[PDB]
$ cat input03.cif   # mmCIF, C-alpha atoms
data_structure
#
loop_
_atom_site.label_atom_id
_atom_site.label_comp_id
_atom_site.auth_asym_id
_atom_site.auth_seq_id
_atom_site.Cartn_x
_atom_site.Cartn_y
_atom_site.Cartn_z
CA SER A 1 -5.39 10.70 -22.17
CA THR A 2 -6.67 11.69 -18.75
CA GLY A 3 -9.91 11.63 -16.76
CA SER A 4 -11.21 13.63 -13.80
CA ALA A 5 -14.42 13.00 -11.88
CA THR A 6 -15.94 14.41 -8.74
CA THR A 7 -16.66 11.96 -5.92
CA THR A 8 -19.39 12.79 -3.39
CA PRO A 9 -20.19 11.45 0.11
CA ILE A 10 -23.40 9.39 0.14
CA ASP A 11 -24.45 10.73 3.53
CA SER A 12 -23.54 13.10 6.37
CA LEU A 13 -21.04 10.61 7.87
CA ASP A 14 -18.97 9.97 4.71
CA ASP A 15 -19.96 6.28 4.93
CA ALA A 16 -18.95 5.96 1.28
CA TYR A 17 -18.38 8.03 -1.86
CA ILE A 18 -20.09 7.83 -5.26
CA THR A 19 -18.64 8.89 -8.57
CA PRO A 20 -20.68 9.21 -11.80
CA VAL A 21 -19.77 6.71 -14.53
CA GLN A 22 -21.06 6.62 -18.11
CA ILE A 23 -21.87 3.13 -19.41
CA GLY A 24 -23.04 2.19 -22.90
CA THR A 25 -24.34 4.01 -25.94
CA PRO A 26 -26.21 6.28 -25.46
CA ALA A 27 -24.65 6.88 -22.07
CA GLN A 28 -26.31 5.49 -19.02
CA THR A 29 -24.92 7.27 -15.98
CA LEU A 30 -24.63 5.28 -12.79
CA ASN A 31 -23.17 6.43 -9.48
CA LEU A 32 -20.53 3.92 -8.47
CA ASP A 33 -18.46 3.30 -5.37
CA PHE A 34 -14.81 3.43 -6.49
CA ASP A 35 -13.12 0.71 -4.46
CA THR A 36 -9.32 0.34 -4.37
CA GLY A 37 -9.87 -2.83 -2.29
CA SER A 38 -11.64 -4.87 -5.01
CA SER A 39 -11.38 -5.45 -8.73
CA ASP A 40 -14.88 -5.94 -10.13
CA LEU A 41 -16.93 -3.26 -11.89
CA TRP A 42 -20.47 -4.42 -11.20
CA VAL A 43 -23.80 -2.66 -11.49
CA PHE A 44 -27.44 -2.83 -10.58
CA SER A 45 -29.13 -3.72 -13.85
CA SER A 46 -32.27 -4.77 -15.66
CA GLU A 47 -31.29 -8.32 -14.69
CA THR A 48 -31.23 -7.68 -10.92
CA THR A 49 -33.96 -9.52 -8.97
CA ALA A 50 -36.70 -6.88 -8.76
CA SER A 51 -37.22 -7.29 -5.00
CA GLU A 52 -33.53 -6.51 -4.46
CA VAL A 53 -33.68 -3.14 -6.19
CA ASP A 54 -34.85 -0.20 -4.08
CA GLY A 55 -34.10 3.17 -5.63
CA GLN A 56 -30.89 2.42 -7.52
CA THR A 57 -30.32 3.47 -11.10
CA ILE A 58 -29.94 0.42 -13.29
CA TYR A 59 -27.87 -0.44 -16.32
CA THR A 60 -29.98 -1.86 -19.14
CA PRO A 61 -27.67 -3.59 -21.66
CA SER A 62 -30.46 -4.07 -24.23
CA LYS A 63 -30.64 -0.27 -24.58
CA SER A 64 -26.93 0.04 -25.35
CA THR A 65 -25.87 -0.36 -28.96
CA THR A 66 -22.31 -1.15 -27.81
CA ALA A 67 -23.20 -3.77 -25.17
CA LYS A 68 -22.22 -7.37 -25.95
CA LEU A 69 -22.85 -10.39 -23.73
CA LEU A 70 -19.57 -11.96 -22.62
CA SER A 71 -20.79 -15.45 -23.33
CA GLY A 72 -20.43 -17.94 -20.53
CA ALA A 73 -18.94 -15.49 -18.04
CA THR A 74 -20.25 -15.21 -14.49
CA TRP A 75 -19.09 -13.40 -11.38
CA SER A 76 -19.60 -13.71 -7.67
CA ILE A 77 -18.06 -11.61 -4.93
CA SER A 78 -18.13 -11.24 -1.16
CA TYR A 79 -16.72 -8.25 0.70
CA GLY A 80 -15.15 -7.79 4.12
CA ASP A 81 -18.38 -6.46 5.63
CA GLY A 82 -20.19 -9.66 4.66
CA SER A 83 -22.08 -8.22 1.72
CA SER A 84 -22.15 -9.95 -1.68
CA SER A 85 -23.41 -9.86 -5.25
CA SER A 86 -23.32 -11.99 -8.39
CA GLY A 87 -24.48 -12.20 -11.97
CA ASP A 88 -23.31 -12.30 -15.58
CA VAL A 89 -21.12 -10.07 -17.74
CA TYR A 90 -21.33 -7.66 -20.64
CA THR A 91 -18.60 -5.72 -22.37
CA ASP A 92 -19.43 -2.09 -23.10
CA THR A 93 -18.00 1.40 -23.34
CA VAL A 94 -17.27 2.95 -19.96
CA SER A 95 -16.21 6.54 -19.37
CA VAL A 96 -15.05 8.18 -16.17
CA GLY A 97 -14.59 11.94 -16.09
CA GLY A 98 -13.91 12.15 -19.84
CA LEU A 99 -11.71 9.03 -19.98
CA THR A 100 -13.13 6.27 -22.16
CA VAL A 101 -12.48 2.52 -22.20
CA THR A 102 -14.04 0.38 -24.90
CA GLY A 103 -14.60 -3.30 -24.21
CA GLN A 104 -14.76 -2.89 -20.42
CA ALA A 105 -16.22 -5.82 -18.53
CA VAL A 106 -19.43 -4.57 -16.94
CA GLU A 107 -20.63 -7.13 -14.44
CA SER A 108 -24.41 -7.23 -14.34
CA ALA A 109 -25.93 -8.13 -10.98
CA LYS A 110 -28.59 -10.82 -10.89
CA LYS A 111 -28.43 -10.90 -7.08
CA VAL A 112 -27.26 -8.44 -4.40
CA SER A 113 -27.30 -8.81 -0.62
CA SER A 114 -29.53 -6.69 1.60
CA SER A 115 -26.82 -4.14 2.40
CA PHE A 116 -26.66 -3.14 -1.26
CA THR A 117 -30.44 -3.11 -1.66
CA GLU A 118 -30.78 -0.89 1.39
CA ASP A 119 -28.35 1.66 0.00
CA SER A 120 -30.33 3.50 -2.66
CA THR A 121 -27.44 5.87 -3.41
CA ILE A 122 -24.97 3.24 -4.67
CA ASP A 123 -25.66 1.84 -8.17
CA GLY A 124 -22.63 -0.44 -8.12
CA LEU A 125 -18.89 -0.69 -7.51
CA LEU A 126 -15.87 0.12 -9.67
CA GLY A 127 -12.87 -1.84 -8.50
CA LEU A 128 -9.39 -0.32 -8.58
CA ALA A 129 -7.35 -3.05 -6.90
CA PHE A 130 -5.21 -5.35 -9.05
CA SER A 131 -6.93 -7.41 -11.74
CA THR A 132 -5.72 -10.62 -10.14
CA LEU A 133 -8.64 -10.26 -7.68
CA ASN A 134 -11.27 -10.01 -10.38
CA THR A 135 -13.95 -12.68 -9.85
CA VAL A 136 -15.10 -13.24 -13.45
CA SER A 137 -15.06 -16.89 -14.44
CA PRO A 138 -13.88 -18.73 -16.51
CA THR A 139 -11.98 -15.80 -18.00
CA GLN A 140 -10.75 -13.22 -15.47
CA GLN A 141 -11.33 -9.65 -16.56
CA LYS A 142 -9.31 -6.42 -16.19
CA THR A 143 -10.19 -3.36 -14.09
CA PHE A 144 -11.11 -0.04 -15.68
CA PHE A 145 -7.69 1.30 -14.63
CA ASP A 146 -5.82 -1.67 -16.09
CA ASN A 147 -7.69 -1.28 -19.38
CA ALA A 148 -7.06 2.49 -19.49
CA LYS A 149 -3.43 2.38 -18.34
CA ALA A 150 -1.59 2.25 -21.64
CA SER A 151 -3.65 5.20 -22.96
CA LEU A 152 -3.04 7.37 -19.90
CA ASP A 153 -0.48 10.19 -19.97
CA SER A 154 0.96 8.58 -16.84
CA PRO A 155 -0.06 5.15 -15.44
CA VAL A 156 -1.57 6.53 -12.24
CA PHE A 157 -4.81 7.44 -10.62
CA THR A 158 -5.27 9.64 -7.55
CA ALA A 159 -7.81 9.73 -4.77
CA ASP A 160 -8.64 13.04 -3.14
CA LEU A 161 -11.55 12.32 -0.79
CA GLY A 162 -13.31 15.11 1.03
CA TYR A 163 -14.30 15.40 4.69
CA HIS A 164 -18.02 16.04 4.64
CA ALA A 165 -17.46 17.39 1.14
CA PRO A 166 -16.92 16.37 -2.49
CA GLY A 167 -13.52 15.35 -3.76
CA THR A 168 -11.87 14.04 -6.90
CA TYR A 169 -10.62 10.90 -8.65
CA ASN A 170 -8.08 11.70 -11.38
CA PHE A 171 -6.73 9.25 -13.95
CA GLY A 172 -3.50 9.71 -15.83
CA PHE A 173 -2.11 12.81 -14.13
CA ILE A 174 -1.12 14.28 -10.79
CA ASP A 175 -2.79 17.59 -9.98
CA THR A 176 0.01 19.54 -8.31
CA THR A 177 -2.50 22.15 -7.07
CA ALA A 178 -4.43 19.58 -5.06
CA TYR A 179 -1.91 19.02 -2.24
CA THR A 180 0.57 20.83 -0.05
CA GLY A 181 4.25 20.06 0.36
CA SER A 182 5.69 17.00 -1.31
CA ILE A 183 4.31 13.57 -2.14
CA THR A 184 6.02 10.77 -0.22
CA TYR A 185 6.07 7.49 -2.12
CA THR A 186 6.23 4.11 -0.42
CA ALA A 187 6.58 0.51 -1.64
CA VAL A 188 3.61 -1.68 -2.58
CA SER A 189 3.18 -5.43 -2.43
CA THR A 190 0.71 -6.76 -4.97
CA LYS A 191 1.04 -10.32 -3.63
CA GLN A 192 -2.51 -10.29 -2.17
CA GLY A 193 -3.97 -8.23 -5.03
CA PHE A 194 -4.24 -5.08 -2.91
CA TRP A 195 -2.52 -1.72 -2.72
CA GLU A 196 -0.63 -3.10 0.27
CA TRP A 197 2.02 -0.99 1.99
CA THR A 198 3.79 -0.53 5.33
CA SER A 199 3.17 2.53 7.50
CA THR A 200 6.17 3.58 9.57
CA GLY A 201 4.18 4.24 12.74
CA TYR A 202 1.71 6.47 14.55
CA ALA A 203 0.99 9.16 17.11
CA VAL A 204 -2.11 9.95 19.17
CA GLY A 205 -2.95 13.64 19.42
CA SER A 206 0.08 15.67 20.43
CA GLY A 207 1.80 12.52 21.67
CA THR A 208 5.21 11.27 20.64
CA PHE A 209 5.51 9.30 17.44
CA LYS A 210 5.86 5.55 17.84
CA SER A 211 8.03 3.98 15.15
CA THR A 212 6.58 0.63 14.24
CA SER A 213 5.79 -1.11 10.95
CA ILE A 214 2.09 -1.44 10.19
CA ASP A 215 1.30 -3.49 7.09
CA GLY A 216 -2.02 -2.46 5.54
CA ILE A 217 -4.08 -1.72 2.45
CA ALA A 218 -5.16 1.56 0.95
CA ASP A 219 -8.87 0.89 0.51
CA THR A 220 -11.26 3.63 -0.65
CA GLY A 221 -14.11 1.10 -0.36
CA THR A 222 -13.83 0.79 3.43
CA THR A 223 -15.27 3.55 5.60
CA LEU A 224 -13.11 3.37 8.71
CA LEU A 225 -9.48 2.94 9.76
CA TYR A 226 -8.74 -0.60 11.03
CA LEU A 227 -5.47 -1.06 12.90
CA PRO A 228 -3.85 -3.48 15.36
CA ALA A 229 -5.59 -3.75 18.70
CA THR A 230 -2.54 -2.28 20.51
CA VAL A 231 -2.66 0.88 18.39
CA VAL A 232 -6.43 1.28 18.65
CA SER A 233 -6.33 0.78 22.42
CA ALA A 234 -3.62 3.48 22.74
CA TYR A 235 -5.85 5.88 20.76
CA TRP A 236 -9.12 5.34 22.64
CA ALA A 237 -7.37 5.44 26.03
CA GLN A 238 -6.97 9.17 25.37
CA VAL A 239 -10.77 9.66 25.14
CA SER A 240 -12.53 9.86 28.48
CA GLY A 241 -15.23 7.20 28.76
CA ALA A 242 -14.33 5.44 25.53
CA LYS A 243 -14.78 1.68 25.53
CA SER A 244 -14.98 -1.34 23.28
CA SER A 245 -18.56 -2.62 23.12
CA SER A 246 -19.15 -6.13 21.79
CA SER A 247 -22.88 -5.35 21.69
CA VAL A 248 -22.28 -2.41 19.33
CA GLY A 249 -19.35 -4.04 17.49
CA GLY A 250 -16.42 -1.78 18.33
CA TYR A 251 -15.16 1.25 20.21
CA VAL A 252 -17.76 3.83 21.22
CA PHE A 253 -17.25 7.06 23.05
CA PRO A 254 -19.36 9.73 24.75
CA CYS A 255 -20.74 12.07 22.12
CA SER A 256 -19.70 14.93 24.44
CA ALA A 257 -16.02 14.05 23.91
CA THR A 258 -13.43 15.96 21.97
CA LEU A 259 -11.47 13.46 19.89
CA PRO A 260 -7.66 13.70 19.53
CA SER A 261 -6.05 13.60 16.12
CA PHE A 262 -4.32 10.45 14.86
CA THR A 263 -1.09 10.59 12.90
CA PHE A 264 0.23 7.81 10.63
CA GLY A 265 3.67 7.53 9.09
CA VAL A 266 4.53 7.32 5.40
CA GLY A 267 8.27 6.83 5.33
CA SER A 268 9.67 9.89 7.12
CA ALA A 269 6.49 11.86 6.38
CA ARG A 270 3.37 12.15 8.55
CA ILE A 271 -0.35 12.34 7.73
CA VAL A 272 -2.57 13.84 10.40
CA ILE A 273 -6.19 12.72 10.71
CA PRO A 274 -8.10 15.44 12.58
CA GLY A 275 -10.15 14.22 15.51
CA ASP A 276 -13.42 15.27 13.81
CA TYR A 277 -12.74 12.72 11.05
CA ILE A 278 -12.89 9.94 13.66
CA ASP A 279 -16.46 10.83 14.79
CA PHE A 280 -19.17 8.63 13.18
CA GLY A 281 -21.97 9.86 15.36
CA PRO A 282 -24.63 8.32 17.57
CA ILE A 283 -24.75 4.54 17.46
CA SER A 284 -28.51 4.90 17.09
CA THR A 285 -30.66 7.96 16.49
CA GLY A 286 -30.66 10.14 19.58
CA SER A 287 -28.07 8.16 21.49
CA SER A 288 -25.33 9.90 23.46
CA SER A 289 -22.95 7.04 22.63
CA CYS A 290 -20.99 7.74 19.44
CA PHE A 291 -19.23 5.31 17.13
CA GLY A 292 -15.48 5.57 16.66
CA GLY A 293 -13.78 5.86 13.29
CA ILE A 294 -10.67 3.94 14.37
CA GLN A 295 -11.38 0.29 15.06
CA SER A 296 -9.43 -2.90 15.66
CA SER A 297 -8.40 -5.03 12.69
CA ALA A 298 -8.10 -8.11 14.91
CA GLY A 299 -10.14 -10.84 13.26
CA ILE A 300 -10.18 -9.08 9.87
CA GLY A 301 -6.79 -10.54 9.12
CA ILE A 302 -5.42 -7.35 7.61
CA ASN A 303 -5.07 -3.67 8.54
CA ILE A 304 -7.16 -1.30 6.41
CA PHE A 305 -6.40 2.34 5.68
CA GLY A 306 -9.95 3.17 4.74
CA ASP A 307 -11.61 6.50 4.01
CA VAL A 308 -10.99 7.91 7.52
CA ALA A 309 -7.27 7.78 6.80
CA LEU A 310 -7.25 8.38 3.06
CA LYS A 311 -9.45 11.50 3.14
CA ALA A 312 -6.76 13.21 5.24
CA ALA A 313 -4.39 12.88 2.26
CA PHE A 314 -3.88 13.30 -1.44
CA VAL A 315 -3.17 9.71 -2.48
CA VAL A 316 -1.37 8.54 -5.62
CA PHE A 317 -2.00 5.01 -6.83
CA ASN A 318 1.01 4.50 -9.11
CA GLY A 319 0.48 1.60 -11.52
CA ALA A 320 3.92 1.70 -13.10
CA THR A 321 5.65 -1.65 -13.74
CA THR A 322 6.66 -1.54 -10.09
CA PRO A 323 3.63 -0.08 -8.37
CA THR A 324 3.93 2.37 -5.48
CA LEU A 325 1.70 4.55 -3.29
CA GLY A 326 2.18 8.24 -2.66
CA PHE A 327 0.78 10.35 0.15
CA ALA A 328 0.70 14.12 0.51
CA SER A 329 -0.96 16.42 3.03
CA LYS A 330 -3.58 18.77 1.66
#
$ encode --input "input03.cif" --output "structure tokens"
Amino acid sequence: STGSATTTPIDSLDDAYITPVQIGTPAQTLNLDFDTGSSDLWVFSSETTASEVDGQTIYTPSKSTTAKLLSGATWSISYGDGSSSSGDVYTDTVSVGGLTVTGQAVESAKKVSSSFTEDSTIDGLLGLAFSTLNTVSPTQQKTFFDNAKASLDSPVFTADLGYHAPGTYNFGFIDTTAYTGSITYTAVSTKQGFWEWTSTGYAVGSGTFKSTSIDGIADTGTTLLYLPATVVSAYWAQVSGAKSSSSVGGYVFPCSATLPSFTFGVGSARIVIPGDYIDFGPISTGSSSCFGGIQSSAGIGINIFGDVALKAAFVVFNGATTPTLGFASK
């Protein structure tokens, strides 16, 4: 089997992407944030504290003939941005782009933090990291991908995120029309539960390539590109007037600037992030100070190849016995 679903930016900045997901019988379609940096499929629901729902579409298990309470199971998760959610668990039928999993753990939110409430366009998350990170207790549950894997034509999914435009998540096949050149595959460590890999280096604009190992995670659930402070400093030094602002919480730059591209290495291959991808606009409405899309990972504890990086590529998440990551230009 295979699946193929369109993923759409939630706003004009590509802050995140939502993908429609069918849950239950009859189908209830929710727009979820596919997140290769976590491993819980959780949704706004009929159980979510009413004051914490503001425009989201909710899952109502009582209206699904295939929903079953997973008795005793609870979940609780906190993300790198400080947001969180928690609740109980149902199993139900879940379909993504024509691909169907029966008995999928659907984690029903009783509580969500303000960040989730304030984002009316995101009805929940669908985790695509390794199942070892799943927070369901006392019985850890599998991701949608893990559950689907054996049924897939090939044990892979691919992320093809658009710049200011829709893109695609495919499951079970590699669309050879969706990228240019060849796919370069690179080793993955699952030791922390992430799609963790080592970039071979970087370049700033038309500058010379610096060979240096950068350990990081491929994370579709993170907006920006977070890299070591040395790297990020070298990038923003090429932008006149750019500076790190503790009051804003990162590098800002004059909105009148032209941003240089940023290149990262995948083995001997190179992925180029156009400068426009690194522009996240005025820090506040009407400001002439603009927020940068490349930020320091210092104090995160890990480097994150988030959407800014990943949307410049066609990315293969290979869940074979020995997982790997593939990157192609597009």
$ closest_residue --input "input03.cif" --among "A:183, A:212, A:227, A:245" --to "residue 325 in chain A" --atoms "all atoms listed in the file"
A:183
$ residues_around --input "input03.cif" --residues "range 184-189 of chain A" --least-positions-apart "2" --cutoff "8 Å" --atoms "all atoms listed in the file" --output "list in words"
residues 182, 191, 192, 194, 195, 196, 197, 198, 266, 267, 269, 323, 324, 325, 326, 327 and 328 of chain A
$ closest_residue --input "input03.cif" --among "A:222, A:48, A:84, A:168" --to "residue 20 in chain A" --atoms "only C-alpha atoms"
A:168
$ atom_distance --input "input03.cif" --atom1 "CA of residue 176 in chain A" --atom2 "CA of residue 128 in chain A"
22.0 Å
$ residues_around --input "input03.cif" --residues "residue 17 in chain A" --least-positions-apart "2" --cutoff "8 Å" --atoms "only C-alpha atoms" --output "NGL selection string"
:A and (7-10 or 14-15 or 19 or 33-34)
$ write_last_selection --input "input03.cif" --atoms "C-alpha atoms" --output "PDB file, keeping the file's coordinate frame"
ATOM      1  CA  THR A   7     -16.660  11.960  -5.920  1.00  0.00           C
ATOM      2  CA  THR A   8     -19.390  12.790  -3.390  1.00  0.00           C
ATOM      3  CA  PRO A   9     -20.190  11.450   0.110  1.00  0.00           C
ATOM      4  CA  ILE A  10     -23.400   9.390   0.140  1.00  0.00           C
ATOM      5  CA  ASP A  14     -18.970   9.970   4.710  1.00  0.00           C
ATOM      6  CA  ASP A  15     -19.960   6.280   4.930  1.00  0.00           C
ATOM      7  CA  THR A  19     -18.640   8.890  -8.570  1.00  0.00           C
ATOM      8  CA  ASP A  33     -18.460   3.300  -5.370  1.00  0.00           C
ATOM      9  CA  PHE A  34     -14.810   3.430  -6.490  1.00  0.00           C
TER      10      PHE A  34
END
$ residues_around --input "input03.cif" --residues "range 143-155 of chain A" --least-positions-apart "3" --cutoff "9 Å" --atoms "all atoms listed in the file" --output "ChimeraX atom specification"
/A:1-3,39-41,94,99-105,126-131,134,171-174,317-320
$ write_last_selection --input "input03.cif" --atoms "C-alpha atoms" --output "mmCIF file, in the coordinates of the input"
data_model
loop_
_atom_site.group_PDB
_atom_site.id
_atom_site.type_symbol
_atom_site.label_atom_id
_atom_site.label_comp_id
_atom_site.auth_asym_id
_atom_site.auth_seq_id
_atom_site.Cartn_x
_atom_site.Cartn_y
_atom_site.Cartn_z
ATOM 1 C CA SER A 1 -5.390 10.700 -22.170
ATOM 2 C CA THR A 2 -6.670 11.690 -18.750
ATOM 3 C CA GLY A 3 -9.910 11.630 -16.760
ATOM 4 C CA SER A 39 -11.380 -5.450 -8.730
ATOM 5 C CA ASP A 40 -14.880 -5.940 -10.130
ATOM 6 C CA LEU A 41 -16.930 -3.260 -11.890
ATOM 7 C CA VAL A 94 -17.270 2.950 -19.960
ATOM 8 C CA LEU A 99 -11.710 9.030 -19.980
ATOM 9 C CA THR A 100 -13.130 6.270 -22.160
ATOM 10 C CA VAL A 101 -12.480 2.520 -22.200
ATOM 11 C CA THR A 102 -14.040 0.380 -24.900
ATOM 12 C CA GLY A 103 -14.600 -3.300 -24.210
ATOM 13 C CA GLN A 104 -14.760 -2.890 -20.420
ATOM 14 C CA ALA A 105 -16.220 -5.820 -18.530
ATOM 15 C CA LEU A 126 -15.870 0.120 -9.670
ATOM 16 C CA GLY A 127 -12.870 -1.840 -8.500
ATOM 17 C CA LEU A 128 -9.390 -0.320 -8.580
ATOM 18 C CA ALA A 129 -7.350 -3.050 -6.900
ATOM 19 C CA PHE A 130 -5.210 -5.350 -9.050
ATOM 20 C CA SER A 131 -6.930 -7.410 -11.740
ATOM 21 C CA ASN A 134 -11.270 -10.010 -10.380
ATOM 22 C CA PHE A 171 -6.730 9.250 -13.950
ATOM 23 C CA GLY A 172 -3.500 9.710 -15.830
ATOM 24 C CA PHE A 173 -2.110 12.810 -14.130
ATOM 25 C CA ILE A 174 -1.120 14.280 -10.790
ATOM 26 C CA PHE A 317 -2.000 5.010 -6.830
ATOM 27 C CA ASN A 318 1.010 4.500 -9.110
ATOM 28 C CA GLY A 319 0.480 1.600 -11.520
ATOM 29 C CA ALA A 320 3.920 1.700 -13.100
#
$ atom_distance --input "input03.cif" --atom1 "CA of residue 28 in chain A" --atom2 "CA of residue 88 in chain A"
18.4 Å
$ closest_residue --input "input03.cif" --among "A:165, A:18, A:312, A:159" --to "residue 119 in chain A" --atoms "all atoms listed in the file"
A:18
$ axis_aligned_box --input "input03.cif" --around "range 262-274 of chain A" --padding-each-side "6 Å" --output "lines of an AutoDock Vina configuration file"
center_x = 0.8
center_y = 11.1
center_z = 10.1
size_x = 29.8
size_y = 20.6
size_z = 21.5
$ atom_distance --input "input03.cif" --atom1 "CA of residue 132 in chain A" --atom2 "CA of residue 217 in chain A"
15.5 Å
$ residues_around --input "input03.cif" --residues "residue 83 in chain A" --least-positions-apart "6" --cutoff "9 Å" --atoms "only C-alpha atoms" --output "mmCIF file with C-alpha atoms, in the coordinates of the input"
data_model
loop_
_atom_site.group_PDB
_atom_site.id
_atom_site.type_symbol
_atom_site.label_atom_id
_atom_site.label_comp_id
_atom_site.auth_asym_id
_atom_site.auth_seq_id
_atom_site.Cartn_x
_atom_site.Cartn_y
_atom_site.Cartn_z
ATOM 1 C CA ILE A 77 -18.060 -11.610 -4.930
ATOM 2 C CA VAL A 112 -27.260 -8.440 -4.400
ATOM 3 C CA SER A 113 -27.300 -8.810 -0.620
ATOM 4 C CA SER A 114 -29.530 -6.690 1.600
ATOM 5 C CA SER A 115 -26.820 -4.140 2.400
ATOM 6 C CA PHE A 116 -26.660 -3.140 -1.260
#
$ closest_residue --input "input03.cif" --among "A:257, A:224, A:69, A:232" --to "residue 308 in chain A" --atoms "all atoms listed in the file"
A:224
$ resolve_selection --input "input03.cif" --expression "the PyMOL selection byres ((chain A and resi 160) around 7)" --output "compact mmCIF listing (two decimals) with C-alpha atoms, keeping the file's coordinate frame"
# COMPACT_ATOMS: atom_id res chain seq x y z
CA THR A 158 -5.27 9.64 -7.55
CA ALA A 159 -7.81 9.73 -4.77
CA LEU A 161 -11.55 12.32 -0.79
CA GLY A 162 -13.31 15.11 1.03
CA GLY A 167 -13.52 15.35 -3.76
CA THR A 168 -11.87 14.04 -6.90
CA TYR A 169 -10.62 10.90 -8.65
CA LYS A 311 -9.45 11.50 3.14
CA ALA A 313 -4.39 12.88 2.26
CA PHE A 314 -3.88 13.30 -1.44
CA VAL A 315 -3.17 9.71 -2.48
$ closest_residue --input "input03.cif" --among "A:248, A:30, A:43, A:122" --to "residue 16 in chain A" --atoms "only C-alpha atoms"
A:122
$ resolve_selection --input "input03.cif" --expression "the PyMOL selection byres ((chain A and resi 298) around 8)" --output "list in words"
residues 227, 228, 229, 296, 297, 299, 300, 301 and 302 of chain A
$ closest_atom_pairs --input "input03.cif" --of "range 119-215 of chain A" --to "range 233-239 of chain A" --cutoff "10 Å" --atoms "only C-alpha atoms" --output "JSON lines"
{"residue": "A:202", "atom": "CA", "partner": "A:235", "partner_atom": "CA", "distance": 9.8}
{"residue": "A:203", "atom": "CA", "partner": "A:235", "partner_atom": "CA", "distance": 8.4}
{"residue": "A:204", "atom": "CA", "partner": "A:235", "partner_atom": "CA", "distance": 5.8}
{"residue": "A:205", "atom": "CA", "partner": "A:235", "partner_atom": "CA", "distance": 8.4}
$ resolve_selection --input "input03.cif" --expression "the PyMOL selection byres ((chain A and resi 218) around 7)" --output "list in words"
residues 36, 195, 196, 216, 217, 219, 220, 304, 305 and 306 of chain A
$ build_atoms --input "input03.cif" --residues "range 221-232 of chain A" --atoms "N, CA, C and O atoms" --output "PDB file, in the frame of the given file"
ATOM      1  N   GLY A 221     -12.829   1.754  -0.540  1.00  0.00           N
ATOM      2  CA  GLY A 221     -14.110   1.100  -0.360  1.00  0.00           C
ATOM      3  C   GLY A 221     -14.483   0.727   1.071  1.00  0.00           C
ATOM      4  O   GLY A 221     -15.537   0.139   1.316  1.00  0.00           O
ATOM      5  N   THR A 222     -13.594   1.028   2.003  1.00  0.00           N
ATOM      6  CA  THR A 222     -13.830   0.790   3.430  1.00  0.00           C
ATOM      7  C   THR A 222     -13.957   2.141   4.129  1.00  0.00           C
ATOM      8  O   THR A 222     -13.151   3.045   3.912  1.00  0.00           O
ATOM      9  N   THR A 223     -14.968   2.270   4.974  1.00  0.00           N
ATOM     10  CA  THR A 223     -15.270   3.550   5.600  1.00  0.00           C
ATOM     11  C   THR A 223     -14.219   3.967   6.632  1.00  0.00           C
ATOM     12  O   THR A 223     -13.753   5.102   6.647  1.00  0.00           O
ATOM     13  N   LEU A 224     -13.879   3.040   7.517  1.00  0.00           N
ATOM     14  CA  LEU A 224     -13.110   3.370   8.710  1.00  0.00           C
ATOM     15  C   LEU A 224     -11.647   2.954   8.607  1.00  0.00           C
ATOM     16  O   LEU A 224     -11.222   2.381   7.608  1.00  0.00           O
ATOM     17  N   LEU A 225     -10.900   3.269   9.655  1.00  0.00           N
ATOM     18  CA  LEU A 225      -9.480   2.940   9.760  1.00  0.00           C
ATOM     19  C   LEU A 225      -9.344   1.760  10.725  1.00  0.00           C
ATOM     20  O   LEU A 225      -9.702   1.895  11.897  1.00  0.00           O
ATOM     21  N   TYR A 226      -8.851   0.621  10.229  1.00  0.00           N
ATOM     22  CA  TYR A 226      -8.740  -0.600  11.030  1.00  0.00           C
ATOM     23  C   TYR A 226      -7.277  -0.921  11.280  1.00  0.00           C
ATOM     24  O   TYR A 226      -6.526  -1.154  10.334  1.00  0.00           O
ATOM     25  N   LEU A 227      -6.879  -0.927  12.550  1.00  0.00           N
ATOM     26  CA  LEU A 227      -5.470  -1.060  12.900  1.00  0.00           C
ATOM     27  C   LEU A 227      -5.293  -2.074  14.025  1.00  0.00           C
ATOM     28  O   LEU A 227      -6.279  -2.527  14.600  1.00  0.00           O
ATOM     29  N   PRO A 228      -4.040  -2.476  14.308  1.00  0.00           N
ATOM     30  CA  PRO A 228      -3.850  -3.480  15.360  1.00  0.00           C
ATOM     31  C   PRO A 228      -4.431  -3.048  16.700  1.00  0.00           C
ATOM     32  O   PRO A 228      -4.484  -1.861  17.020  1.00  0.00           O
ATOM     33  N   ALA A 229      -4.869  -4.023  17.477  1.00  0.00           N
ATOM     34  CA  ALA A 229      -5.590  -3.750  18.700  1.00  0.00           C
ATOM     35  C   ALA A 229      -4.765  -2.899  19.665  1.00  0.00           C
ATOM     36  O   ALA A 229      -5.322  -2.110  20.415  1.00  0.00           O
ATOM     37  N   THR A 230      -3.443  -3.084  19.660  1.00  0.00           N
ATOM     38  CA  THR A 230      -2.540  -2.280  20.510  1.00  0.00           C
ATOM     39  C   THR A 230      -2.636  -0.789  20.188  1.00  0.00           C
ATOM     40  O   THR A 230      -2.747   0.054  21.078  1.00  0.00           O
ATOM     41  N   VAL A 231      -2.587  -0.485  18.899  1.00  0.00           N
ATOM     42  CA  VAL A 231      -2.660   0.880  18.390  1.00  0.00           C
ATOM     43  C   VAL A 231      -4.001   1.521  18.730  1.00  0.00           C
ATOM     44  O   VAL A 231      -4.069   2.672  19.207  1.00  0.00           O
ATOM     45  N   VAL A 232      -5.068   0.770  18.489  1.00  0.00           N
ATOM     46  CA  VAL A 232      -6.430   1.280  18.650  1.00  0.00           C
ATOM     47  C   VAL A 232      -6.707   1.505  20.131  1.00  0.00           C
ATOM     48  O   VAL A 232      -7.324   2.508  20.506  1.00  0.00           O
TER      49      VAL A 232
END
